[PDB]
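Structure record follows, encoded as structure tokens.
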Amino acid sequence: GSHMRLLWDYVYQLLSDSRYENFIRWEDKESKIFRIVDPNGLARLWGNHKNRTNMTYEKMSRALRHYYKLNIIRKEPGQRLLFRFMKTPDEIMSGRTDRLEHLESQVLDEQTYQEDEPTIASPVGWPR
């Protein structure tokens with residue numbers, strides 16, 4: 001609680017400004033259908049918000065994973081990065097944010113160390 005700063009709040013915030021038209025924009029704002037225009041940069045934007053460095057979309061989608069079950073966000077039928085905000089911040093603050101507020105930290109830790117340079121500190125081969 002305290003103050004919502006979850007992924008969906010930030011991404012929805014991007015949807016409220018024409019700056020990010022090349023990053024994300026509304027396809028049907030009333031249906032809450034929105035298109036992620038530049039997923040790499042969208043991930044970077046959210047990384048920026050989450051004080052994270054190298055956030056790729058495949059790396060960001062891990063947070064979205066939960067939203068699919070929370071039926072917050074779905075992928076539109078027969079689309080790429082066309083999604084649907086089934087519910088907005090106001091609706092999501094019904095209670096399911098507790099796992100999300102907890103998860104964002106975790107998803108940012110689940111994967112590799114936001115690797116920029118493929119280094120071998122030990123015989124590994126990282127799951128980039």
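In the structure tokens, each chain is lettered A, B, ... as it comes, each chain's residues begin at 1, and ligands are numbered from 1 in order of appearance.
Excluding residue A:43 itself and any same-chain residue fewer than 5 positions from it, the protein and nucleic acid residues within 7 Å of it, counting only C-alpha atoms, are residues 55, 56, 57 and 60 of chain A.
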With N, CA and C atoms kept, could you save the residues just selected as a PDB file, in the first residue's frame?
```pdb
ATOM      1  N   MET A  55      16.407  -3.236 -18.713  1.00  0.00           N
ATOM      2  CA  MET A  55      15.116  -3.909 -18.729  1.00  0.00           C
ATOM      3  C   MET A  55      14.614  -4.068 -20.157  1.00  0.00           C
ATOM      4  N   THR A  56      14.641  -5.301 -20.632  1.00  0.00           N
ATOM      5  CA  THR A  56      14.121  -5.651 -21.939  1.00  0.00           C
ATOM      6  C   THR A  56      12.649  -6.063 -21.808  1.00  0.00           C
ATOM      7  N   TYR A  57      11.855  -6.025 -22.881  1.00  0.00           N
ATOM      8  CA  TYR A  57      10.428  -6.323 -22.747  1.00  0.00           C
ATOM      9  C   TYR A  57      10.200  -7.731 -22.229  1.00  0.00           C
ATOM     10  N   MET A  60      10.454  -7.401 -18.899  1.00  0.00           N
ATOM     11  CA  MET A  60       9.347  -6.652 -18.289  1.00  0.00           C
ATOM     12  C   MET A  60       8.071  -7.503 -18.222  1.00  0.00           C
TER      13      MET A  60
END
```
Quick one: residues within 6 Å of stretch 72-82 of chain A, only C-alpha atoms, excluding same-chain residues fewer than 6 positions away - as a PyMOL selection string? chain A and resi 34-36
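Counting from atom CA of residue A:21, the distance to atom CA of residue A:64 is 20.1 Å.
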Best match for closeness to residue A:61 among A:8, A:26, A:20, A:113, counting only C-alpha atoms: A:8
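Of the listed residues (A:108, A:93, A:7, A:24), A:108 comes nearest to residue A:53; the distances count only C-alpha atoms.
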Backbone DSSP call of helix (DSSP H, G or I) for stretch 2-127 of chain A, listed as a ChimeraX atom specification: /A:7-14,18-22,39-49,57-69,89-92,97-110
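Counting only C-alpha atoms, the residue from A:119, A:88, A:106, A:111 that sits nearest to residue A:32 is A:88.
Taking atom CA of residue A:128 and atom CA of residue A:59 as the two end points, the separation is 9.3 Å.
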Would you pick out the contacts of residue A:89 at 10 Å or less, using only C-alpha atoms, so that residues sharing its chain but fewer than 5 positions from it are not included, and give the list as number ranges by chain? A: 4-10, 12, 72, 94, 97
Given the selection you just returned, output its residues as a file containing C-alpha atoms, formatted as a PDB file, in the first residue's frame.
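That gives us part.pdb:
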```
ATOM      1  CA  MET A   4       0.671   2.718  -5.840  1.00  0.00           C
ATOM      2  CA  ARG A   5       3.681   2.708  -8.142  1.00  0.00           C
ATOM      3  CA  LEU A   6       3.085  -0.636  -9.830  1.00  0.00           C
ATOM      4  CA  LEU A   7       3.778  -1.491 -13.467  1.00  0.00           C
ATOM      5  CA  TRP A   8       0.164  -0.980 -14.544  1.00  0.00           C
ATOM      6  CA  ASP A   9       0.115   2.495 -12.954  1.00  0.00           C
ATOM      7  CA  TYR A  10       3.234   3.551 -14.802  1.00  0.00           C
ATOM      8  CA  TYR A  12      -1.206   3.579 -17.850  1.00  0.00           C
ATOM      9  CA  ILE A  72      -5.839  -6.813 -15.127  1.00  0.00           C
ATOM     10  CA  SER A  94      -9.388  -3.524  -4.637  1.00  0.00           C
ATOM     11  CA  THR A  97      -1.765  -5.117  -5.404  1.00  0.00           C
TER      12      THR A  97
END
```
Using DSSP secondary structure from the backbone, list all strand (DSSP E) positions within chain A, as a short mmCIF file (atom, residue, chain, number, x, y, z; two decimals) with C-alpha atoms, in the first residue's frame.
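Below is the file out-v7.cif, written as the result:
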```cif
data_model
loop_
_atom_site.label_atom_id
_atom_site.label_comp_id
_atom_site.auth_asym_id
_atom_site.auth_seq_id
_atom_site.Cartn_x
_atom_site.Cartn_y
_atom_site.Cartn_z
CA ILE A 24 2.83 2.92 -26.19
CA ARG A 25 -0.56 4.28 -27.28
CA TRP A 26 -4.30 3.69 -26.98
CA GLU A 27 -5.95 1.70 -29.75
CA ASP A 28 -9.34 1.79 -28.06
CA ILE A 33 -7.39 -1.69 -25.46
CA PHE A 34 -3.84 -0.36 -25.68
CA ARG A 35 -0.89 -1.16 -27.92
CA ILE A 36 2.67 -1.42 -26.80
CA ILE A 73 -4.33 -7.06 -18.57
CA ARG A 74 -4.97 -9.51 -21.37
CA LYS A 75 -3.57 -9.89 -24.86
CA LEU A 82 -2.15 -5.31 -28.25
CA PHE A 83 -3.54 -5.63 -24.77
CA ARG A 84 -6.60 -4.79 -22.73
CA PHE A 85 -6.71 -3.12 -19.33
#
```
Spatial neighbours of residue A:22, 9 Å, only C-alpha atoms, chain gap at least 4 places, as a count of residues only: 5
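A straight line drawn from atom CA of residue A:54 to atom CA of residue A:115 is 7.0 Å long.
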When you look at residue A:70 with a cut-off of 10 Å (counting only C-alpha atoms), what residues show up, excluding the ones that are within fewer than 4 positions of it in the same chain? I need them as an mmCIF file with C-alpha atoms, in the first residue's frame.
```
data_model
loop_
_atom_site.group_PDB
_atom_site.id
_atom_site.type_symbol
_atom_site.label_atom_id
_atom_site.label_comp_id
_atom_site.auth_asym_id
_atom_site.auth_seq_id
_atom_site.Cartn_x
_atom_site.Cartn_y
_atom_site.Cartn_z
ATOM 1 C CA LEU A 64 2.743 -8.598 -16.785
ATOM 2 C CA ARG A 65 2.588 -12.385 -16.336
ATOM 3 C CA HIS A 66 0.777 -11.899 -13.034
ATOM 4 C CA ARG A 74 -4.966 -9.508 -21.368
ATOM 5 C CA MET A 86 -9.639 -5.133 -18.002
ATOM 6 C CA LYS A 87 -9.289 -2.948 -14.944
ATOM 7 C CA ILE A 92 -6.894 -3.002 -9.112
ATOM 8 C CA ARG A 96 -4.630 -7.628 -5.410
ATOM 9 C CA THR A 97 -1.765 -5.117 -5.404
ATOM 10 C CA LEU A 100 2.258 -7.131 -7.200
#
```
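Closest approach to residue A:2 among A:58, A:117, A:101, A:90: A:101, based on only C-alpha atoms.
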